[PDB]
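Have a look at the structure below, then the notes.
Protein chains in written order, with the authors' numbering: chain A, 1 to 366; chain A', 1 to 366. A prime marks a further copy of an entry chain.
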């Protein structure tokens, strides 16, 4: 166990990269163990592995839901990366920072953070690089929330162009975003055509669970919009159902499950799912998740004929949107949402902000 | 060299399948050698390998341009396959028969042959099977020639659906057909969007030369329609230029080369190419190739300002279309074609049939 100190330090660098692969493979505990072991043995000078290990710990804390500490580590990573011209880690850091901000419902701050990433890309000529697609994809997500659909679509298409030299499977998420735009527009013909491509890609690759849940998100919304109970039921029977267990990274997949359950009239289990997701969202101040969940609860109560409950949560959702800025999440609920909003607007009792958003949404829908 | 006769016959069956793989790999001489060796040693009873070897010889003769004899072998193959319920070889035979008929300019007969294939598919419940895509693709090609674009597009989309479970690369040819439809409609926005997908597929697979030439066919037409000399020149510099050498299977790629040359003002070499292709087309009575080549010659003369030559070959092309039934091949030539046809129609000297087709084409273009 005696070697040149050089070899010991090189082994520590290997540990940092082993940690990076571990978190990528969905093994945060091993990633944390390895990243810590690396940092304990990396002296000044061996800057690259230190950037990687610090970045990995940021990802680990993000996974754990320790968002404030995660952001601090992402910031540390960004600064070190900039200091050493390690542009890919500086850009990856900014992308992750936006992700947390968006989840917290701070969309303007997320936009500004994405803007810093675009600035970095422009300054260092990083346009043709793959990570550029991730940035335009999250920019599209934000534009979509704000109902700037033409811009969101253009952002998603720029992502597809960035990855034009890679296998078609790499476009899965930007394609899902294109479909998400078609769904918000009520352009079901285009959504269906795009979904044909999405489903073909899904059947031709082994993807990360989060990619699959994102793709399934738009498939389930399309099935809801077309009353495709058969497709939703078959999907639900075979989809992954990892125990939620207060894991915020599983909010998306469980919303897909709840949406399918609601479409199928399985109101009881869906309400239990959504209440559990909301406990988690409130505990971590994930206002975006909360806003999405309240809209699904509204759909559940509405379809179940529970008028009072439906109205109560719709008012909560509209109020919460004063902070999240969400518009399109309401729009995809179509006629059911339009009827409810027309009713609220006609009563003349909504506060000015909510009244204005209700009117905007009703316009997007009509 | 003494073995159970059973082993000798099994080796003969292997030779038949080795011949099938050889022709698929573009080695007709070896395929012919092996298929003949197999048939010489296959007794009655060993029907499957005999169907394969006979089918292979049909493909070999097709390659050699001995179309009449090739059709006879395809017919023999179809009958034997039907006799033994070997549906895939009966369907493959009918597809090949149509291919020859279409090349000969007998489009109605090709349609009828395709119809027999659809009948077989319906009777034997072969709808979900992969070969169904090849049939709907050649049906789309025929519908496209006749300018039944909505039908052609639907046929191509049914092909894409048939292959939905396979890798996206398998849809290359039906996607090229969708683009071909968009080009005939003058719907360049959709053509460009579809071409983005086509080019991504082209950069992500090792394909047969004929698949590549078919995909490039629509890319070059799009570049011509958008005046993209840069793209055409780069493509031309790097594309395959196998010596034509009186090989009718190379008509398509050389037309792509000539079309690019014409767009780039390289009239002299393009005229030499087209004249050589026409010698081959006339020698084998390939009226469809002749009709396509005459239209490219028309474009060449027109762009070169050789009015008399342009008119002469356009009149020849219109006359030939009385037999081929081609419409869309004229339509994709757009404004240049429209101007020329308006001039011909206004002179009031065209025979009734050609006048009627000229008017139809001018309508498709406007």
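Where is the CB? At the ideal position from N, CA and C, for every residue including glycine.
Only those residues of the segment 225-255 of chain A whose C-beta falls short of 8 Å from the nearest C-beta of chain A' would be listed, and there are none.
Distance from the Cα of residue 365 of chain A' is smallest, within the candidate group A'/353, A'/348, A'/340 and A'/352, for A'/340.
When DSSP states are grouped into helix, strand and coil, residue 27 of chain A belongs to the coil group.
For residue 113 of chain A', the number of other beta carbons within 10 angstroms of its own is at least 16, and it is reported as buried.
Taking a C-beta distance under 7 Å as the contact criterion, residue 23 of chain A' and residue 59 of chain A' qualify as a contact pair. Rounded to whole angstroms, residue 107 of chain A' and residue 325 of chain A' show a C-alpha spacing of 7 Å.
With 16 or more other Cβ atoms inside 10 Å of its own Cβ, residue 105 of chain A' counts as buried. Secondary structure at residue 242 of chain A: coil, using DSSP grouped into helix, strand and coil.
The contact set of residue 45 of chain A on chain A', defined by CB atoms closer than 9 Å, is empty, because the minimum CB distance reaches about 41 Å. Segment contact: the segment 122-138 of chain A against the segment 77-91 of chain A, three or more CB-CB distances shorter than 8 Å; contact assigned.
For residue 168 of chain A, the chain A' residues whose Cβ falls inside 9 Å of its Cβ are 167, 168, 169, 197, 200, 201 and 204, in order along the chain. The beta carbon of residue 164 of chain A' sits closer than 7 Å to some beta carbon of chain A. When C-alpha distances from residue 101 of chain A are compared across A/161, A/142, A/137 and A/77, the shortest belongs to A/142. In terms of CA proximity to residue 165 of chain A', A/205 leads the group A/228, A/205, A/8 and A/156. Residue 363 of chain A' sits exposed, since fewer than 16 C-beta atoms from the chains shown fall within 10 Å of its C-beta. In the assembly as shown, residue 77 of chain A' is a buried residue. Its beta-carbon has 16 or more other beta-carbons within 10 Å. Per DSSP, reduced to three states, the secondary structure at residue 86 of chain A is coil, with no helix or strand assignment. Only residues of its own chain outside the window of five on either side were considered, and among them 295 and 299 have a CB closer than 7 Å to the CB of residue 333 of chain A', listed in chain order. Using a C-beta cut-off of 8 Å, the segment 5-14 of chain A makes contact with the segment 41-52 of chain A, since at least three inter-stretch Cβ pairs fall below that distance. The residue from A/137, A/46, A/144 and A/14 with its alpha-carbon nearest to that of residue 96 of chain A is A/137. Counting only runs of 4+ residues, the alpha helix (DSSP H) found wholly inside the segment 83-159 of chain A occupies 87-103, 107-123 and 131-145, in chain order.
Listed in chain order, the alpha helix (DSSP H) elements of length 4 or more contained wholly in the segment 272-339 of chain A are 287-304, 307-324 and 328-331. Close CB contacts of residue 191 of chain A' within its chain, under the 7 Å cut and outside five residues either way in sequence, are with 179, 182, 183 and 222 (chain order).
With 16 or more other CB atoms across the displayed protein chains lying within 10 angstroms of its CB, residue 329 of chain A is buried. Scanning its chain for C-beta atoms nearer than 6 Å, with the 5 sequence neighbours on each side dropped, one finds around residue 337 of chain A the residues 330, in chain order.
Distance from the Cα of residue 31 of chain A is smallest, within the candidate group A/265, A/75 and A/52, for A/52.
Here the C-alpha atom of residue 133 of chain A lies approximately 12 Å from the C-alpha atom of residue 117 of chain A. Non-local C-beta neighbours of residue 155 of chain A in its own chain, meaning closer than 7 Å and more than five positions away in sequence, comprise 136, 139, 140 and 143, ordered along the chain. DSSP places residue 54 of chain A in the uninterrupted alpha helix (DSSP H) bounded by 47-64. Here residue 349 of chain A' carries a coil assignment [DSSP, helix/strand/coil]. By the CB criterion at 7 Å, residue 290 of chain A' and residue 304 of chain A' fall outside the cutoff. Distance between residue 111 of chain A and residue 146 of chain A, taken at the CA atoms: about 11 Å.
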